[PDB]
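**Student:** Quick one: this structure, given as structure tokens, is what I'll be asking you about.
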Number of protein chains: 2
Amino acid sequence: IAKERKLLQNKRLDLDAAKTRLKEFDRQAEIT
Amino acid sequence: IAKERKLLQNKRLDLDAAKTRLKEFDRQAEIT
């Protein structure tokens with residue numbers, strides 16, 4: 001549980017980096 | 001022309017970084 005929520009909080013900022021630059025979190029958030 | 005193609009070759013790798021991590025280049029490539 002701590003591993004899945006740690007990778008959730010790790011790759012949440014990775015998808016923040018993927019979505020905020022305009023012009024591993026779905027499955028990880030689902031398992032978490 | 002050299003400035004627009006330099007920013008093309010600069011931000012092409014930026015959108016490579018944006019698209020290869022799965023789960024400024026459109027307008028720059030159009031002007032170039």
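Order determines the names: the first chain of the structure tokens is A, the second B, and so forth; residues in each chain are numbered 1 upward, and ligands are numbered 1 upward as they are shown.
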Residues at most 8 Å from range 16-27 of chain A, counting only C-alpha atoms, excluding those fewer than 3 positions away in the same chain, as a list in words?

**Tutor:**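 These residues fall inside the cut-off: residues 8, 11, 12, 13, 30 and 31 of chain A; 18, 21, 23, 24, 25 and 26 of chain B.
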
**Student:** I'm after chain A in the frame of chain B: fit it by least squares over all Cα atoms matched in order, and give me the output as a PDB file with C-alpha atoms, in the first residue's frame.

**Tutor:**
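Everything below was put into part11.pdb:
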ATOM      1  CA  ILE A   1      15.263  31.445 -40.864  1.00  0.00           C
ATOM      2  CA  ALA A   2      18.218  30.179 -38.799  1.00  0.00           C
ATOM      3  CA  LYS A   3      16.475  31.324 -35.591  1.00  0.00           C
ATOM      4  CA  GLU A   4      13.207  29.536 -36.434  1.00  0.00           C
ATOM      5  CA  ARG A   5      14.985  26.331 -37.478  1.00  0.00           C
ATOM      6  CA  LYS A   6      17.244  26.553 -34.401  1.00  0.00           C
ATOM      7  CA  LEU A   7      14.189  26.783 -32.148  1.00  0.00           C
ATOM      8  CA  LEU A   8      12.651  23.974 -34.249  1.00  0.00           C
ATOM      9  CA  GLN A   9      15.643  21.715 -33.559  1.00  0.00           C
ATOM     10  CA  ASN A  10      15.675  22.885 -29.919  1.00  0.00           C
ATOM     11  CA  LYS A  11      12.011  22.244 -29.091  1.00  0.00           C
ATOM     12  CA  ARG A  12      11.732  19.110 -31.245  1.00  0.00           C
ATOM     13  CA  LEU A  13      13.682  17.272 -28.540  1.00  0.00           C
ATOM     14  CA  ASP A  14      11.459  18.995 -25.951  1.00  0.00           C
ATOM     15  CA  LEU A  15       8.368  17.488 -27.566  1.00  0.00           C
ATOM     16  CA  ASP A  16      10.291  14.208 -27.873  1.00  0.00           C
ATOM     17  CA  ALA A  17      10.601  14.442 -24.096  1.00  0.00           C
ATOM     18  CA  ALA A  18       6.902  15.323 -23.905  1.00  0.00           C
ATOM     19  CA  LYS A  19       5.713  12.396 -26.043  1.00  0.00           C
ATOM     20  CA  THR A  20       8.121   9.564 -25.211  1.00  0.00           C
ATOM     21  CA  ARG A  21       7.197   9.624 -21.505  1.00  0.00           C
ATOM     22  CA  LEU A  22       3.870   7.850 -21.918  1.00  0.00           C
ATOM     23  CA  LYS A  23       1.002   7.183 -19.434  1.00  0.00           C
ATOM     24  CA  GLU A  24       6.515  25.691 -29.405  1.00  0.00           C
ATOM     25  CA  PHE A  25       6.789  22.933 -31.997  1.00  0.00           C
ATOM     26  CA  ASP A  26       3.491  23.129 -33.896  1.00  0.00           C
ATOM     27  CA  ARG A  27       3.652  26.903 -34.461  1.00  0.00           C
ATOM     28  CA  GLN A  28       7.465  26.841 -34.559  1.00  0.00           C
ATOM     29  CA  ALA A  29       7.469  23.999 -37.095  1.00  0.00           C
ATOM     30  CA  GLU A  30       4.791  25.821 -39.113  1.00  0.00           C
ATOM     31  CA  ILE A  31       6.797  29.081 -39.241  1.00  0.00           C
ATOM     32  CA  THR A  32       9.996  27.098 -39.950  1.00  0.00           C
TER      33      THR A  32
END

**Student:** Run DSSP on the backbone of this structure and report the residues of chain B it assigns to helix (DSSP H, G or I), as a list in words.

**Tutor:**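 Here is the list: residues 2, 3, 4, 5, 6, 7, 8, 9, 10, 11, 12, 13, 14, 15, 16, 17, 18, 19, 20, 26, 27, 28, 29, 30 and 31 of chain B.
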